[PDB]
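Structure first, then comments.
There are 2 protein chains.
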Amino acid sequence: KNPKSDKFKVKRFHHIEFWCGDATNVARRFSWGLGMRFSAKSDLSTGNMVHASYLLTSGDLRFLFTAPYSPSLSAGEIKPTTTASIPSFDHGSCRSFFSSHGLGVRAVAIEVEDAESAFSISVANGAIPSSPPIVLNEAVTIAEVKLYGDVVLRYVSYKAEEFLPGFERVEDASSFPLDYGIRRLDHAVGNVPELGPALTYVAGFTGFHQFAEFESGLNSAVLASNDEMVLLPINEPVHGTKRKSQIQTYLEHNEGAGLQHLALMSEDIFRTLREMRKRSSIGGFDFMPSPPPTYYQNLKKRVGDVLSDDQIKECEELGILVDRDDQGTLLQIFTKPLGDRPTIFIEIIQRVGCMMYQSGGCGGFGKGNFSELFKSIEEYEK
Amino acid sequence: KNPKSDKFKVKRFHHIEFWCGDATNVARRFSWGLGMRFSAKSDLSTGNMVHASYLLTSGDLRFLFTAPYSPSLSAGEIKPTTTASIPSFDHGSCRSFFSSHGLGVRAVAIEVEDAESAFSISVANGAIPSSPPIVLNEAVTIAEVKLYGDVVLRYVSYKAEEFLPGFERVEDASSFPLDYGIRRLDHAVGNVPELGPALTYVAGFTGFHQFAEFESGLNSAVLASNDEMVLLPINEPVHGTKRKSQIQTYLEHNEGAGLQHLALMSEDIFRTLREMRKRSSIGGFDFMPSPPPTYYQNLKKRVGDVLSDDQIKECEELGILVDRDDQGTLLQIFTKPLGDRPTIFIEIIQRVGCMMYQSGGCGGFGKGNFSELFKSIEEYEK
Ligand SMILES: CCOC(=O)c1nc2ccc(C(=O)c3c[nH]n(C)c3=O)c(C)c2c(=O)n1-c1ccccc1
Ligand SMILES: CCOC(=O)c1nc2ccc(C(=O)c3c[nH]n(C)c3=O)c(C)c2c(=O)n1-c1ccccc1
Ligand SMILES: [Co+2]
Ligand SMILES: [Co+2]
Numbered sequence: 035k036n037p038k039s040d041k042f043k044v045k046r047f048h049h050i051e052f053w054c055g056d057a058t059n060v061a062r063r064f065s066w067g068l069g070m071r072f073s074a075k076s077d078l079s080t081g082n083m084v085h086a087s088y089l090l091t092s093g094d095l096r097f098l099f100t101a102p103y104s105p106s107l108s109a110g111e112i113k114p115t116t117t118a119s120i121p122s123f124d125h126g127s128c129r130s131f132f133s134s135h136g137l138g139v140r141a142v143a144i145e146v147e148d149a150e151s152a153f154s155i156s157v158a159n160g161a162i163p164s165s166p167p168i169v170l171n172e173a174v175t176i177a178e179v180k181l182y183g184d185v186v187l188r189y190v191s192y193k194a195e201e202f203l204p205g206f207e208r209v210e211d212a213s214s215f216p217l218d219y220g221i222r223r224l225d226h227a228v229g230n231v232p233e234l235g236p237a238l239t240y241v242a243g244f245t246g247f248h249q250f251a252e253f262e263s264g265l266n267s268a269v270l271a272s273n274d275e276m277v278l279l280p281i282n283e284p285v286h287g288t289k290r291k292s293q294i295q296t297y298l299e300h301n302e303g304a305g306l307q308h309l310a311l312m313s314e315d316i317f318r319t320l321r322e323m324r325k326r327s328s329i330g331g332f333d334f335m336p337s338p339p340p341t342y343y344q345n346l347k348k349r350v351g352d353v354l355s356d357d358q359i360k361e362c363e364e365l366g367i368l369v370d371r372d373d374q375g376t377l378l379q380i381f382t383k384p385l386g387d388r389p390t391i392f393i394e395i396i397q398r399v400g401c402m403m411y412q413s414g415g416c417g418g419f420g421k422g423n424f425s426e427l428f429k430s431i432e433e434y435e436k
Numbered sequence: 035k036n037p038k039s040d041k042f043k044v045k046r047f048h049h050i051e052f053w054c055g056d057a058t059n060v061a062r063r064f065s066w067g068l069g070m071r072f073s074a075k076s077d078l079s080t081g082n083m084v085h086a087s088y089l090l091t092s093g094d095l096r097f098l099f100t101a102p103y104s105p106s107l108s109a110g111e112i113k114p115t116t117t118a119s120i121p122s123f124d125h126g127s128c129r130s131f132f133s134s135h136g137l138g139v140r141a142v143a144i145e146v147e148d149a150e151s152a153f154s155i156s157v158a159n160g161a162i163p164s165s166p167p168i169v170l171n172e173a174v175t176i177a178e179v180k181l182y183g184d185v186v187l188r189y190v191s192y193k194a195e201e202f203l204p205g206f207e208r209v210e211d212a213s214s215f216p217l218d219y220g221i222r223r224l225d226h227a228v229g230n231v232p233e234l235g236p237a238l239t240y241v242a243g244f245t246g247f248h249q250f251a252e253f262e263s264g265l266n267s268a269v270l271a272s273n274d275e276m277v278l279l280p281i282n283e284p285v286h287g288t289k290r291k292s293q294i295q296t297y298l299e300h301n302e303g304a305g306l307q308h309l310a311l312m313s314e315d316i317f318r319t320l321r322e323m324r325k326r327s328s329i330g331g332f333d334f335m336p337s338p339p340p341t342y343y344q345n346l347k348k349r350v351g352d353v354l355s356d357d358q359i360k361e362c363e364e365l366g367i368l369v370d371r372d373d374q375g376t377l378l379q380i381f382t383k384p385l386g387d388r389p390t391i392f393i394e395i396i397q398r399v400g401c402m403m411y412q413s414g415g416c417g418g419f420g421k422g423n424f425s426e427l428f429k430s431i432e433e434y435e436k
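Chains as they are written, first to last, in PDB author numbering: chain A, 35 to 195, 201 to 253, 262 to 403, 411 to 436; chain A', 35 to 195, 201 to 253, 262 to 403, 411 to 436. A prime marks a further copy of an entry chain.
The following block contains the structure:
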């Protein structure tokens, strides 16, 4: 059931912004590790005396990395005279965020029809304002409201139809055309202490509806836009369990609520994982430990009608997990944490089924893999 | 003239420590960009609840990357019960350093005979204490005094003859054996507002002597240990010049004095630069713009007795600079800044001559390349 109750017109995920201490080193690491191209910049070389911001792209996926310069470079400026290309940026906020949480996502940005309208309607419906709508070069409007923790939901709307005004396209020489097959952001997941109030708040100001699914440490629910292409799952810990909840570990090391993982859709998850795994120990990303061979033996019964034996063997080579709901099949895998703290990580996913284009959330989010992994673990021990 | 006046026994450069906001991402970037192996760690997985520290090595070169965890993880600890492996570490100091300077070198570490003695003699001779001598597992002693800005000179001495107690050697799977030919730290250069008082201070507490050399924005002098293997050049700006002093730009963007560049000796600078340049646009380091072909035409007259025409052509392919004093010849090249700010960069060098082993500083530090670059630039315009 989809009541299509969005309180304003939402289009797609637009970009994800990391707040960094040094944007250069994180962006270069991510670029090599994920196969994303350097495509735009806003920094000292473009006249920005406030923050360094670097944009990586892969297909429609946009990762933005931002860090503050010394406030002294911009001490003479006021907001009317700012050289920052992202007017919501604040030195104090950024330094406080990174010292509190370490490396992580500050903004989940979605493209909307009218960012000013989205902001007003959101705040009229309970959203906590973070940055009011601001029109950039009469061309783009940006506004921000609180999502959870110190993460903001950023609205962006374009007059037209180049990232943001004041950003410059990156020279071909510095722009190497890496591509490991990642194409878009599928969903972005938050961890909170209490799921109920988080859901009530966000669904309250967006109109996003609960996306239907079908003890492992969590309870979760997924909020979705009208066409279910913007997908925002939220987790809370389950306490008292045998193994300590990974959601609770997140909350402790992150100093509270925040974004837990980003799921990146690949047009060819086997190629993506071959390319990422080649680079794990030479600057890229590590992956969680692979499931036992029992897991892959059990894949024949569960998805033998969707994947060939070879395709299943290819999953085993790369440590890919498989889940299935009543509509489609999901291939997925999780990286180890992206930085020092056991907080944010990345998921790579590919979905098969639900053709009309492919409908959002086809195959679910892999909740069946909690129990299937436990099963296959015990089976393998025997 | 070398009066050999060291006030305590100094051996060699031991390691360089960067203070980071996220040690993981900087270490992985540097590892890929410079061809250094991950060789030791101290972090949550080793019981360190205070800081994440990762060690890269290439030959005898040791780069350490450290960032703080949330203070909450160690809120119950006191210095007697600390889980930090580097007892001089302080959350507040580290966060203040990185917010003030951005990514940069906190510690220039030299190995000495007796770090406690070196500390006492240094402080008796004017050194400003930063961290008193502390004995780690009855095996290693570490102490720190102020060098310039917020950079410390770190003394380390070993009972024996494994980096530091509490660090664990990195598993082979996570340790990929990268090597682009870098072998040791040749020298470490600081920028200060006033050269005179900086020299008087450091030479005062070390006994390091001035190393002899032979308007470009700077004045400089080099301090050296007894065998001239520890080399610490220091720069001050020269004001009023046509082009603004790069030393003054450093001081402004760094919020004052600090380490300007690290010079890394390569056993084969042509291989090092081929390997580094291959990776510049895929996560590694960029290099300063190459000198004009006139520079390389003029190399025949200056070093045609040291490098063949092919070897000179190989320099031109890679943008290498060449200088020569009365004792030897120097090959060198400079990276663009390592992070967001136009502050710290790296120099790659190889020295030819002064065989006895090779004596320290053979060929100088390339001061002749300021004027030779200006000449070759004007010549090329014609
Ligand atoms: C312990 C063995 O490993 C699991 O069993 C395991 N299976 C998973 C299945 C699906 C998803 C997911 O992406 C979503 C689930 N719900 N929604 C909305 C999602 O987006 C995730 C995040 C996991 C996961 O993290 N782990 C997991 C790994 C290491 C430690 C602790 C836990
Ligand atoms: C402008 C054209 O480029 C130069 O002319 C140029 N030549 C150099 C020669 C030697 C050394 C060096 O490594 C030491 C010099 N003295 N000591 C003790 C050293 O270790 C350095 C650091 C440079 C250097 O930075 N630039 C330079 C580059 C870009 C902007 C502004 C300046
Ligand atoms: Co997911
Ligand atoms: Co130098």
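The beta carbon of each residue, even a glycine, is placed where N, CA and C say it ideally should be.
Should residue i go down as buried or exposed, given a rule of 16 or more other Cβ atoms within 10 Å for buried?
{"i": "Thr376 of chain A", "result": "buried"}
{"i": "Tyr434 of chain A'", "result": "exposed"}
{"i": "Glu210 of chain A", "result": "exposed"}
{"i": "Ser106 of chain A'", "result": "exposed"}
{"i": "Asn171 of chain A'", "result": "exposed"}
{"i": "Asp77 of chain A'", "result": "buried"}
{"i": "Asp56 of chain A", "result": "buried"}
{"i": "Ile162 of chain A'", "result": "exposed"}
{"i": "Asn36 of chain A", "result": "exposed"}
{"i": "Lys347 of chain A", "result": "exposed"}
On the three-state DSSP scale, how would you describe residue i?
{"i": "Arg188 of chain A", "result": "strand"}
{"i": "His286 of chain A", "result": "coil"}
{"i": "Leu354 of chain A'", "result": "coil"}
{"i": "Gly418 of chain A'", "result": "coil"}
{"i": "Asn171 of chain A", "result": "coil"}
{"i": "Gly67 of chain A", "result": "helix"}
{"i": "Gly243 of chain A'", "result": "helix"}
{"i": "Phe202 of chain A", "result": "coil"}
{"i": "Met312 of chain A", "result": "strand"}
{"i": "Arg318 of chain A'", "result": "helix"}
{"i": "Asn423 of chain A'", "result": "helix"}
{"i": "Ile359 of chain A'", "result": "helix"}
{"i": "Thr341 of chain A'", "result": "helix"}
{"i": "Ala271 of chain A'", "result": "strand"}
{"i": "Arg326 of chain A'", "result": "coil"}
{"i": "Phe428 of chain A", "result": "helix"}
{"i": "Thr382 of chain A", "result": "strand"}
{"i": "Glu364 of chain A", "result": "helix"}
{"i": "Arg222 of chain A'", "result": "strand"}
Per DSSP, residue i forms a beta bridge with which residues?
{"i": "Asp370 of chain A'", "result": "A':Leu377"}
{"i": "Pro163 of chain A", "result": "A:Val179"}
{"i": "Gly229 of chain A", "result": "A:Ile281, A:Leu306"}
{"i": "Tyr88 of chain A'", "result": "A':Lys75, A':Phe99"}
{"i": "residue 198 of chain A'", "result": "Since chain A' is numbered 195 and then 201, with no step between, residue 198 of chain A' has no place in the structure shown."}
{"i": "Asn36 of chain A", "result": "In the DSSP output, where bridge partners are listed per residue, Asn36 of chain A has none listed."}
{"i": "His48 of chain A", "result": "The partner list for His48 of chain A (beta bridge, DSSP) is empty, contrary to what the question assumes."}
{"i": "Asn266 of chain A", "result": "A:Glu283"}
Among the residues of its own chain, which have a CB less than 7 Å from the CB of residue i, if the five just before and after it don't count?
{"i": "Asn230 of chain A", "result": "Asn282, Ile294, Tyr297, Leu298, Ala304, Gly305, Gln307"}
{"i": "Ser151 of chain A'", "result": "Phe42"}
{"i": "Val60 of chain A'", "result": "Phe52, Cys54, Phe99, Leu137"}
{"i": "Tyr103 of chain A'", "result": "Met83, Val84, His85, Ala86"}
{"i": "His48 of chain A'", "result": "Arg96, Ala143, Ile144, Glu145, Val190"}
By Cβ distance below 6 Å, which residues in the same chain neighbour residue i in space, the five residues on each side in sequence not counted?
{"i": "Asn423 of chain A'", "result": "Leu368, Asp370"}
I'd like the list of long-range same chain contacts for residue i, defined as Cβ closer than 8 Å, with 5 residues on each side in sequence excluded.
{"i": "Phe332 of chain A", "result": "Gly67, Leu68, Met323, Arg326, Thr382, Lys383, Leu385, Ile393"}
{"i": "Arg140 of chain A", "result": "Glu51, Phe52, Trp53, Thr100, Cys128, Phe131, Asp184, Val185, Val186"}
Given the structure, does residue i come close to ligand 5, in the sense that its CB is under 7 Å from one of the ligand's heavy atoms?
{"i": "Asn423 of chain A'", "result": "Although ligand 5 was asked about, the structure shown includes only ligand 1, ligand 2, ligand 3 and ligand 4 as ligands."}
3 or more residues per run - each beta strand (DSSP E) lying fully within the stretch 96-155 of chain A: 138-146
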